[PDB]
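Below are the chains, spelled out letter by letter.
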Amino acid sequence: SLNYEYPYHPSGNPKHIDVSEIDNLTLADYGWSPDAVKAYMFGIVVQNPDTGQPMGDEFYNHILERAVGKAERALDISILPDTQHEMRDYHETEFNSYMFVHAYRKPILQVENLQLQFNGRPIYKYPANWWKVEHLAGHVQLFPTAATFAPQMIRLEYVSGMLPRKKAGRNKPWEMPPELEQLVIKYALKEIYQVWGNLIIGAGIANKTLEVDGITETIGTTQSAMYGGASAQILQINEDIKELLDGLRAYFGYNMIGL
Amino acid sequence: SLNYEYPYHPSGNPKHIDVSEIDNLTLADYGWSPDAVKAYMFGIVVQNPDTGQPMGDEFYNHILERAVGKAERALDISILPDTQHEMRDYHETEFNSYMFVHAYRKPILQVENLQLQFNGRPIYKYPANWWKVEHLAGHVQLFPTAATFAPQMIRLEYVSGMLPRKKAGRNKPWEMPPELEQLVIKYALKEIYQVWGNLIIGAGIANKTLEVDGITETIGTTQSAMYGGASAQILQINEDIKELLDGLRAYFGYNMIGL
Amino acid sequence: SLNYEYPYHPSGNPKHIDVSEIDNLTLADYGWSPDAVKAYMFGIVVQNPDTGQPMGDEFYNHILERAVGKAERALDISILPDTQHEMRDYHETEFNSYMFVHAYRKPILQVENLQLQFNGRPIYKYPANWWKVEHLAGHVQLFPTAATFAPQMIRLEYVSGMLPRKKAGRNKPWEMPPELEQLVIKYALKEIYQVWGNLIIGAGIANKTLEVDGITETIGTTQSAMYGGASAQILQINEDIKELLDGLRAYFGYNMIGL
Amino acid sequence: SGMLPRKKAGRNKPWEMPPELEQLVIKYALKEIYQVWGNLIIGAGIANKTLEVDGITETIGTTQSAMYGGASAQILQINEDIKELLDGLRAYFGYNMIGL
Amino acid sequence: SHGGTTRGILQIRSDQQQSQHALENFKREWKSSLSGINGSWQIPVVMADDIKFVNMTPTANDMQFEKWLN
Amino acid sequence: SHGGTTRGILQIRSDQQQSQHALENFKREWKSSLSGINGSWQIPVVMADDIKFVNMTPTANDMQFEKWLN
Amino acid sequence: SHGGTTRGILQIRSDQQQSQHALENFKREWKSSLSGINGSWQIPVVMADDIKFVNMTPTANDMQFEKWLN
Amino acid sequence: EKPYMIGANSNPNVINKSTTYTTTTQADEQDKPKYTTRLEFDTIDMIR
Ligand SMILES: [Zn+2]
Ligand SMILES: [Zn+2]
Ligand SMILES: [Zn+2]
Ligand SMILES: [Zn+2]
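What the entry reports as its method is cryo-EM, with 4.3 Å given for the resolution.

Okay, here's the thing in structure tokens:
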């Protein structure tokens, strides 16, 4: 015997996240606070030169949200916990192959419903224990116990994304590796340096020298006609992101579909 | 049993947008305000050099409308919600394939009418529950229950666009991804920098120095005989768009037509 | 006769790590302390220019955790000790080959359980003495004594990681090689130099000179319009990592999967 | 497994450590040392400087540059020797083969 | 009775690996246009950068080791 | 009765060697789509940088040293 | 009765020669997946930089100097 | 939860801003530092 909520079986598709907590989890829980960005910029402070106003957390959160979006496209991933209502077609060869299904959004934390319907009326709903999942790849497969295609025959409901990492330096396949946190940070810093590079001295000023009444000063900025003042930081960020992103793609791998 | 407006079935083509709200929705709803442009230019003020005038909000709206327009082609999309009246030809091979139809503009939020006519008279109008849609790809397919080609046999009415995203860091396939917001912003900034770059110093002046009674003032700008004043930022924006745009075409994918 | 805990056999899968100690072991045990980072930066102090603050140890730990994480992907490894609950599919060709299994994460310090189940009920649990392991490669093979595939038939529990090295200049295959220590250190330093390089002089200032009442002070830094302040060291660290990383992949070798 | 220390000058048995592995490890060590020492010659990140006070003036130009670090010359020569040293030593052990 | 019956692999070069949703829609279009006797003789069109087809098995298969059996 | 019956090797170029978990999922997809009579005639799609198939044995095998035996 | 019966050599390019332990594990995987009738028709996958197979003997062997003997 | 959006500007308009004059006072203060590279002569080489 065994005890479990009916949709969730400890074998195959163990429960990981309560549905209600999905709304509670936010960017701050994953470490994407503006503080982290500031830490990486330790010793550099950005202000509006015309005033004493530094940019507030609103901009940082806004940038970070679009950064985590950009990383979510950079690998074909779902990067925050999110419920999906998916309708999928009937392809015979995969159907005969234990009803193999490749979810659009991966990883799969857990599967709630998996039904076969004809006109909105459920023709047949599978037992919970029958269906089994592969979290990282998102494969959903069925193991029954005791024309060549049609559209939108089956109805799939599941939760996609990654849980925050619980233990230091480690992550489960259903768990966020720390680099996606860092990668999104580095994508955020690209925008920040694209802002901060303009404000060091006036605007568009490469070289200056000023002499008054026996005191003289000369300054030569990193600004140039060919490259912007922060271009060195951006170009180093790219060098790290490329290594970071190429290595991480090996954790997920290439995508394949039959034809 | 089930309750729904007759054109809309919760299974297949659930309702997403009220027809009347199509007019109401505008650029401001999606965050494409002039303030957004200014925010990315934090610390930079675009101002006439010979008089204190700053460029108004209207110019930003005008630019933003062209930024969203350029994006709508650059990835073959219809982005703002709009109602479409579409006639399509009869091709036997697709017709036998559950009446497959590839809408000219995507995504499809919802489908209102799908009828077959001969000379303007509807020969056969299908039940609502029969037809089903693929929102992102825009595939329209029919699943009936209980010469080789002709022109403009069928008639299709549908709403093309994307709704503003409801929740952070997430979007439904029928929902505007965060990247399009940033992409359209970056397109707009490419125009604004092209304007502003002429207003750094004078007109086409690279190097200057005044020496008056032993006073000395000296400036050397980013402007040069072979590089423009803002061309440092424009180049960096190209490097940014290339990463963003390529990564987003992977979300929509390549187009295909049989022959 | 022989004495041992039932899951652990001295032949094949001898015990290496107590389960409880898994929690205790941390980064400090492997020498990844902030002091290590400082030692490699002997003579350099990372300090805010406008106030006397040095960056704290917490930042180093945060960086180090991301350095070890990046390494764990860059060579497909599980490096810190952790307990794994793994389900694997039945492939006939490997199964007839003494039940060959390639663990998703390696090295395997030890194996606790290896069972075959049908619907959550263990159909057959093998004797401990039967199964044998290859620690470094993680191969699990069974040596019994006196459709063509199915999903998630078998259940595997094992501990993935490496123990801290006991003796100098030597390591067992189940033991952390010294190179990973230096490699993770060098990854961390790549981040720290990226931070510190902005704090050399001012903000994006390449060349300077003050002339006051016949006094003269003049500095020209490593910072330049096309090279960053620490980019000299970062380049040298890349040249170092390339030699180190390539030489270490030869220790683990290439991956292979039949098809 | 391993190698015994060399007993007789300029010679080694197959079971005996050739002196170059000693030197090779030294040169790998020096790579780290020069990667440290190169930073500390004058301040940090300073390529060129000149200072004039009260009729006395001094100018110094370091090996530091935006493109290369102060010890880069030593490191790059160490690499040139290690490559020769390592390629030659691989011929003492040879390539690895396994049947299949 | 066992695998290895593939004819070849159709490679399509792209800067980014297409998302699985896009590949599924690609398959839907391919099946609707070309699958089966219906639309058998038709030709698809693709506008990618470069396409290759690499053969894993010969043009025509037949029994092996016939003379050995004899 | 002994090895050497391989037809060839399918090489896929990548900057990083894919993790074994990814290769296992790759195998799962391949087996589900192509293995056996089921889905025999189908064509897979892969979007890697470059793919090669190198032949280790000829197109068709047969008995060797026949005239020697005669 | 003497050597020279090799079919060819499978070269795999790498910056470093793989350690013998790695090659032994490589052999273990190869034997478990492909050796014998079991898994005969399967195809392995390798993600190295470049692979070659150089032939040392022809496609099919037979008796030599037949007409001389006659 | 809700998406993070820029929203509207908040800075009010100011007219006729007067300069700041450092106030004379006998009280003590603390001189706000900058920590950075220092230049010095090579006195040993001067001896040489
Ligand atoms: Zn997949
Ligand atoms: Zn399409
Ligand atoms: Zn392996
Ligand atoms: Zn050997």
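(A) Examining the overall build of chain H more closely. Secondary structure summary: chain H contains one helix and zero strands in total. Expressed as a percentage of its 48 residues, the buried residues of chain H come to 4%. Of the roughly 5,200 Å² of accessible surface on chain H, 49% is carried by carbon and sulfur atoms. For chain H, the separation between the mean place of its 6 positive charges and that of its 7 negative charges on side chains is 11 Å.

(B) Structural context of the relation of the copies chain C and chain A. Least-squares fitting of chain C to chain A yields an RMSD of 0.3 Å, with the transformation described by 0.2 Å of translation along the axis and a rotation of 30°. When the interface residues of chain C are mapped onto chain A, a mere 5% of them again fall at the interface, so the copies present different faces.

(C) Structural detail: the pairing of strand 6 (residues 139-142) of chain B. Residue and element names in this part refer to chain B. The side-chain alternation of strand 6 yields two buried faces, one formed by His139 and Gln141 and the other by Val140 and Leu142. Relative to strand 6, strand 5 (residues 131-133) is paired through three bridges, and the arrangement is antiparallel. Bridging across to strand 6, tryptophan 131 finds its partner in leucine 142.

(D) Broad picture of the coordination of the zinc ion (ligand 3). Distances from the zinc ion (ligand 3) to its protein donors, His102(C) (NE2) and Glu29(G) (OE), fall at 2.3 to 2.4 Å. Highlighted residues: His102(C) in strand 2 (residues 101-102) and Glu29(G) in helix 1 (residues 20-34), drawn from two different chains. Judged on exposure class, the residue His102(C) and its partner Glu29(G) are both buried.

(E) Main features of the interface of chain C and chain A. Facing 58 residues of chain C, the contacting portion of chain A comprises 56 residues. The three residues of chain C that bury the most area against chain A are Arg66(C), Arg73(C) and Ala225(C), which together make up 14% of that side's buried surface. At the surface where chain C touches chain A, the tally comes to seven salt bridges. Between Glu179(A) and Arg73(C) there is a salt bridge whose closest N-O contact spans 2.3 Å.

(F) Focus on the pattern of salt bridges. A full pass over the atoms with the stated rule returns 68 salt bridges over all chains. Note that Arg88(A) and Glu94(A) form a salt bridge whose closest N and O atoms lie 3.6 Å from each other. For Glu94(A), a relative accessible area of 10% puts it in the buried group. As a salt-bridge pair, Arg13(G) and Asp49(G) come within 3.2 Å of each other at their nearest N and O atoms. Of this pair, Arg13(G) sits in the loop between strand 1 (8-12) and helix 1 while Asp49(G) sits in the loop between strand 2 (44-46) and strand 3 (51-55), and the two are 36 residues apart along the sequence. On the accessibility criterion, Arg13(G) (47% relative accessible area) is partly exposed. Residue classification places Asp49(G) among the partly exposed residues on the basis of a relative accessible area of 44%. What you see here is one network of salt bridges that share partners, running through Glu65(A), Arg66(A), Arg165(B) and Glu181(B).

(G) Expanded view of the UniProt feature "binding site: Zn(2+)" (unreviewed entry) in chain A. The positions UniProt marks with the feature "binding site: Zn(2+)" (unreviewed entry) are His102(A). Beyond its immediate sequence surroundings of up to four residues, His102(A) is in contact with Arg88(A), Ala137(A), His139(A), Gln20(E), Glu24(E) and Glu29(F).

(H) Representation of the sheet that holds strand 7 (residues 149-160) of chain A in the model. Sheet architecture is open: four strands sit in the order 1-7-3-4 (chain A), paired in antiparallel fashion. The open sheet has two edge strands with one neighbour each: strand 1 (82-91) and strand 4 (122-125) of chain A. With strand direction ignored, the average angle separating the axes of adjacent strands in the sheet is 35°. Each of strand 1 and strand 7 of chain A is contacted by helix 1 (residues 20-34) of chain E, which is oriented at about 20° to strand 1 of chain A, the strand it contacts most.

(I) Broad picture of the interface of chain A and chain E. Facing the 19 residues of chain A at the interface are 15 residues of chain E. The contact between chain A and chain E buries some 1,600 Å² in all, and 55% of this surface belongs to carbon and sulfur atoms. Three residues stand out in chain A for area buried against chain E, namely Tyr104(A), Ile257(A) and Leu259(A), and they jointly supply 37% of the buried area on that side. We note a salt bridge from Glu94(A) to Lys27(E), for which the minimum N-O separation is 3.3 Å. On inspection of chain A and its partner chain E, the count reaches eight residue pairs in polar contact. Residue assignment for the side of chain A that touches chain E shows that the elements contributing at least two residues are strand 1, strand 7 and strand 10 (256-258) of chain A. Partitioning the side of chain A that touches chain E into residue classes produces eight nonpolar, six polar and five charged.

Conventions used here
Residues numbered from 1 in each chain as written, not as in the entry; some residues may be left out. Chains lettered and ligands numbered in written order. Part of a larger assembly, values for the part shown. Heavy atoms only, no water. Helix = DSSP H or I, 4+ residues; strand = E, 2+ residues; numbered from the N terminus. Buried < 20%, exposed > 50% of the residue type's maximum accessible area, 1.4 Å probe, protein only. Areas by Shrake-Rupley, 256 points an atom, 1.4 Å probe, with all protein chains shown as cover. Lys, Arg positive; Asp, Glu negative; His and termini not counted. Charge placed at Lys NZ, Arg CZ, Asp CG, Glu CD. Least-squares fit on C-alpha atoms. Contact = heavy atoms within 4.5 Å. Pairing = 2+ DSSP bridges. Donors = N, O, S within 2.8 Å, 3.2 Å for Na, K, Ca; no water. Buried area = accessible area lost by both parts, 1.4 Å probe. Salt bridge = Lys/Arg side-chain N within 4 Å of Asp/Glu carboxyl O. UniProt positions renumbered as here; feature names shortened; annotations may be inferred. Axes fitted to C-alpha atoms, helices over the stretch in contact; angles between N-to-C directions. Polar contact = N/O pair within 3.5 Å; in protein donor to acceptor, adjacent residues only side chain to side chain. Nonpolar A, V, L, I, M, F, W, Y, C, P; charged D, E, K, R; others polar.

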